[PDB]
Structures are given as C-alpha cells and as structure tokens.
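For reference, the structure discussed in these notes is given below.
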Amino acid sequence: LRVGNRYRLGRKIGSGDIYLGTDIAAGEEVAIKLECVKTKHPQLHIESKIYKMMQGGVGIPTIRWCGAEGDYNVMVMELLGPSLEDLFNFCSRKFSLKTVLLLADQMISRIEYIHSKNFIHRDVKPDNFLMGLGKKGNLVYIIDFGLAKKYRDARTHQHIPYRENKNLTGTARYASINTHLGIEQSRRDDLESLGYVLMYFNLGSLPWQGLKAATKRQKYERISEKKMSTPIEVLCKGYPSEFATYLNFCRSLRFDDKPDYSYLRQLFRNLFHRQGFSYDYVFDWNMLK
Ligand SMILES: Fc1ccc(-c2ncn(Cc3ccncc3)c2-c2ccnc3[nH]ccc23)cc1
C-alpha cells in the first residue's frame, strides 16, 4: 500500500498501530503510525505537532512526512531500534551499573531538552526510550508525546497553575508521589519518574510492582501507599548512594522550580569516574557475541 508519494507500507511492527515501511525514494526503512479519521480520542495530529516542535534535538526521532491517506491520518518517522524495556527483557532484566549510568546521563538530557521546549512528558518509562540503529546505535531517543502538556507559556514563561484532586494519567509504576496525591505534574515529576526507572534497571523490578487488588482504582491506591511507605534509603539499599541523592533532590523540588539537570548528570558522572568506567558507548547488549 502506497503512503504519501514515496512511502511503502509494510506489516505491523507492534504497539493506532505502528508499521514497518520503506522510503522507496531514499532506500531507508521508516516507521508509520496510522490513525483512522474516526476515533473518540483523535491524537496523532496533536502528537505530531509536538514532535515537530522537538525536531532538531539530540535523540528526537525525525519526522519524514505527515498527512492523510484514505481512511487514515499518517505519521512517518526514521526507523529506530528496540526500547529499553525490550533490551532489558532481552538481557534477562539485569543491567550492569555501567549501563544504567550510561543510560541515566542521556535520559536526563532528553527530559531536559523536552522541558526546554516548554513541555513535560508525563509518561517517563522504559518503553518510551528507544536506542538508534547503525551509526546512531549509541544514542538514546525519546518517544510518545501522547500524554505531554505545556507547563509554561511559550512566550511569557508563565508556569501553569498549581492544581489538585486529579486522576492519574500515565503509568502508575513510575508515577511521582505528588502524581499519586492528585497534584499537577511539572518538571520535577518527569525527573522523579526517571529516578524510579533507574532503580527499576538496578533491581529487576520495583517493590510496589505486582500488588494484587480486586479493581483498578484499588490497585492505584495500593501502589501510592506502598511508594509513600517505602523510604528512599530502603528502595536504594545495596546500590550507590547517588540513586538516593537523585530521588531525594527530585522529591525536594518545588512545583515551579527549574531542576538543576547539570547537578544530576554530574552526580552520576562522578560515580561513573570513581568506578573507573569510560564513556565508550558499550552497553551490556553490545557484548552479546
Ligand atoms: F510516527 C510514528 C510515531 C510513533 C511510532 C512508535 N510508537 C512506538 N514505537 C516503538 C515501538 C513500536 C512497536 N513495538 C515496539 C516499540 C514507535 C517507533 C518504532 C520504531 N521506530 C520508530 N521511530 C520513531 C518512532 C518509532 C512510530 C512512528
């Protein structure tokens, strides 16, 4: 099937749905997202607006083409490689400290870039970071802007108001404590969620993971309470203190504070050097012969 002028649509990749495609003109694989012109939640075109505003950033997927063909709204992106969730599963849910610290450095920088563009992500989780392919295989990219929201006025840098009593939109496992309290998400929240993702990679799971409950709202209750009853020093026991210092600093941030991204990268960098590691982008999965 013929999309745009120059894109050939292949079978599904996974996840509307995601498809393998070919830029017939340039001889390069691409990824395509189709959305029916009928949906009770039209998303792609709004999501595509945000991807367009991120273009040019390190580790932002390049938009090849946006448009409509037949029944569908269409976005085409350069092809990327497997997610951190997919690589974590492929590695038996065990990452070395070096890998976690290599990831952490880049992941902080992606989040910082998104914030520089007046947005917060609000779905920071392993699925929403992808490694590149080929010459870009040492590069962590970030995806999925379907839950993203402006946190400040583009022009007047006016932060959004402190709001309360909200529903949890996102992934409960990585949500901030303040998110569980029903407080408006801001820059601090994206970083705290990263903090939990990093401890996830260290541990293989999180302690509030796989709690049984009769219903959904009950499960979220249990996750919230488990998080709020697990001290940071307990979550992080047996791992370098930096992971605790990182989360404590995130939990200390005020609603409208600009995070010291630099401080957080330096934290992991100092530990990196103390362990005698080198920023040669050799991740655990690069050593599978
Ligand atoms: F225009 C778009 C918008 C979003 C996607 C996408 N959504 C999720 N993924 C990751 C995924 C998909 C299916 N199974 C596992 C992981 C992609 C995606 C996949 C591969 N390479 C890509 N490069 C840019 C996005 C993307 C794809 C095209």
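Residue names in the structure tokens use chain letters A, B, ... in the order shown, residue numbers from 1 in each chain, and ligand numbers from 1 in the order shown.
Near stretch 26-43 of chain A, within a cut-off of 8 Å and counting only C-alpha atoms, sit the residues residues 9, 16, 17, 18, 19, 20, 21, 71, 72, 73, 74, 75, 76, 77, 78, 79, 80 and 146 of chain A, with same-chain residues fewer than 5 positions away left out.
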What does the file look like for those residues with N, CA, C and O atoms, as a short mmCIF file (atom, residue, chain, number, x, y, z; two decimals), in the first residue's frame?
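Output file again06.cif is given in full below:
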```cif
data_model
loop_
_atom_site.label_atom_id
_atom_site.label_comp_id
_atom_site.auth_asym_id
_atom_site.auth_seq_id
_atom_site.Cartn_x
_atom_site.Cartn_y
_atom_site.Cartn_z
N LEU A 9 4.01 0.97 2.67
CA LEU A 9 3.56 0.47 3.93
C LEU A 9 3.74 -1.05 3.99
O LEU A 9 3.16 -1.76 3.17
N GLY A 16 -2.68 4.82 16.91
CA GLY A 16 -3.02 3.46 16.45
C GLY A 16 -1.81 2.54 16.45
O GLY A 16 -0.93 2.65 17.31
N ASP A 17 -1.77 1.62 15.48
CA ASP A 17 -0.67 0.67 15.36
C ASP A 17 0.51 1.30 14.62
O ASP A 17 0.38 2.26 13.87
N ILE A 18 1.66 0.67 14.83
CA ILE A 18 2.93 1.01 14.27
C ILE A 18 3.28 -0.04 13.21
O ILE A 18 3.16 -1.23 13.48
N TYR A 19 3.74 0.44 12.04
CA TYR A 19 4.04 -0.40 10.87
C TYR A 19 5.48 -0.15 10.38
O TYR A 19 5.99 0.96 10.49
N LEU A 20 6.13 -1.21 9.88
CA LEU A 20 7.36 -1.11 9.09
C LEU A 20 6.99 -0.51 7.75
O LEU A 20 5.93 -0.87 7.19
N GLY A 21 7.85 0.36 7.23
CA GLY A 21 7.68 0.91 5.91
C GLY A 21 9.01 1.18 5.24
O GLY A 21 10.05 1.04 5.84
N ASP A 71 -8.42 6.20 4.67
CA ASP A 71 -9.19 6.22 5.91
C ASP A 71 -8.38 6.85 7.06
O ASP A 71 -8.92 7.06 8.16
N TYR A 72 -7.10 7.15 6.82
CA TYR A 72 -6.12 7.28 7.91
C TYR A 72 -5.44 8.65 7.89
O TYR A 72 -5.17 9.21 6.84
N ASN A 73 -5.19 9.16 9.09
CA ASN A 73 -4.14 10.13 9.34
C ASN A 73 -2.83 9.36 9.57
O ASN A 73 -2.84 8.24 10.09
N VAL A 74 -1.71 9.93 9.11
CA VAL A 74 -0.44 9.19 8.94
C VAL A 74 0.71 10.04 9.46
O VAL A 74 0.81 11.22 9.13
N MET A 75 1.61 9.41 10.21
CA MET A 75 2.92 9.98 10.53
C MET A 75 3.99 8.95 10.14
O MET A 75 3.82 7.77 10.41
N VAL A 76 5.05 9.42 9.48
CA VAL A 76 6.23 8.62 9.11
C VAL A 76 7.49 9.19 9.81
O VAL A 76 7.80 10.34 9.67
N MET A 77 8.24 8.32 10.47
CA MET A 77 9.45 8.61 11.23
C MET A 77 10.61 7.73 10.73
O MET A 77 10.39 6.58 10.40
N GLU A 78 11.84 8.24 10.75
CA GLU A 78 13.02 7.40 10.61
C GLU A 78 12.84 6.18 11.53
O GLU A 78 12.26 6.29 12.63
N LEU A 79 13.33 5.02 11.08
CA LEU A 79 13.23 3.82 11.88
C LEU A 79 14.17 3.89 13.09
O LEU A 79 15.28 4.37 12.99
N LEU A 80 13.71 3.40 14.23
CA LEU A 80 14.57 3.27 15.39
C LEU A 80 14.57 1.81 15.83
O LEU A 80 13.78 0.98 15.36
N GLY A 146 1.95 11.51 23.56
CA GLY A 146 0.51 11.42 23.67
C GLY A 146 -0.05 11.90 25.01
O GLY A 146 -1.24 12.17 25.10
#
```
Note to self: If DSSP is run on the backbone, what residues of stretch 55-265 of chain A are alpha helix (DSSP H)? A reply as a PyMOL selection string would be ideal.
What the structure shows: chain A and resi 84-90+97-116+177-180+187-203+216-228+232-235+242-252+261-265
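Assigned to strand (DSSP E or B) in stretch 110-160 of chain A, given DSSP computed from backbone atoms, are residues 119, 120, 129, 130, 131, 140, 141, 142, 149, 150, 152 and 159 of chain A.
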Check: Can you list, as a PyMOL selection string, every protein, DNA or RNA residue that comes within 8 Å of stretch 178-187 of chain A when you count only C-alpha atoms, leaving out same-chain residues fewer than 3 positions away?
Finding: chain A and resi 115+120+122+151+162-168+175+190-191+224+255-259
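Of the listed residues A:203, A:133, A:211, A:154, the one whose atoms come nearest to ligand 1 is A:133, with distances taken using only C-alpha atoms and all ligand atoms.
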Notebook entry, point to check: atom 17 (C, counted along the ligand's line) of ligand 1 and atom CA of residue A:202 are how many Å apart?
Noted result: 25.1 Å
Notebook entry, point to check: Taking only C-alpha atoms into account, which of A:274, A:2, A:52, A:136 comes nearest residue A:98?
Noted result: A:274
Notebook entry, point to check: Could you pull the residues within 10 Å of stretch 283-289 of chain A, counting only C-alpha atoms, minus those fewer than 3 positions along the same chain, as a PyMOL selection string?
Noted result: chain A and resi 87-88+90-91+94-100+102-103+137-138+280
Margin query: So that I can check the surroundings of residue A:251, please list as a ChimeraX atom specification every protein, DNA and RNA residue that reaches within 9 Å of it, counting only C-alpha atoms and ignoring chain neighbours fewer than 3 positions away.
Written below: /A:176-178,188-189,192,246-248,254
Deliver the residues from the most recent selection as a file, using C-alpha atoms, as a short mmCIF file (atom, residue, chain, number, x, y, z; two decimals), in the first residue's frame.
```cif
data_model
loop_
_atom_site.label_atom_id
_atom_site.label_comp_id
_atom_site.auth_asym_id
_atom_site.auth_seq_id
_atom_site.Cartn_x
_atom_site.Cartn_y
_atom_site.Cartn_z
CA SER A 176 5.64 10.54 41.26
CA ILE A 177 4.32 10.68 44.81
CA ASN A 178 2.81 14.08 44.01
CA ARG A 188 10.19 17.72 38.89
CA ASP A 189 7.79 14.83 38.22
CA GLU A 192 11.40 11.56 39.78
CA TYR A 246 18.95 11.87 42.90
CA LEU A 247 15.44 10.88 44.11
CA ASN A 248 15.71 12.96 47.36
CA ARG A 254 9.10 22.88 44.34
#
```
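Using only C-alpha atoms, the protein and nucleic acid residues lying no more than 8 Å from residue A:243, apart from those fewer than 5 places from it along its own chain, are residues 195, 198, 199 and 236 of chain A.
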Note to self: Measuring between only C-alpha atoms and all ligand atoms, which one of A:114, A:130, A:54, A:46 shows the shortest distance to ligand 1?
What the structure shows: A:130
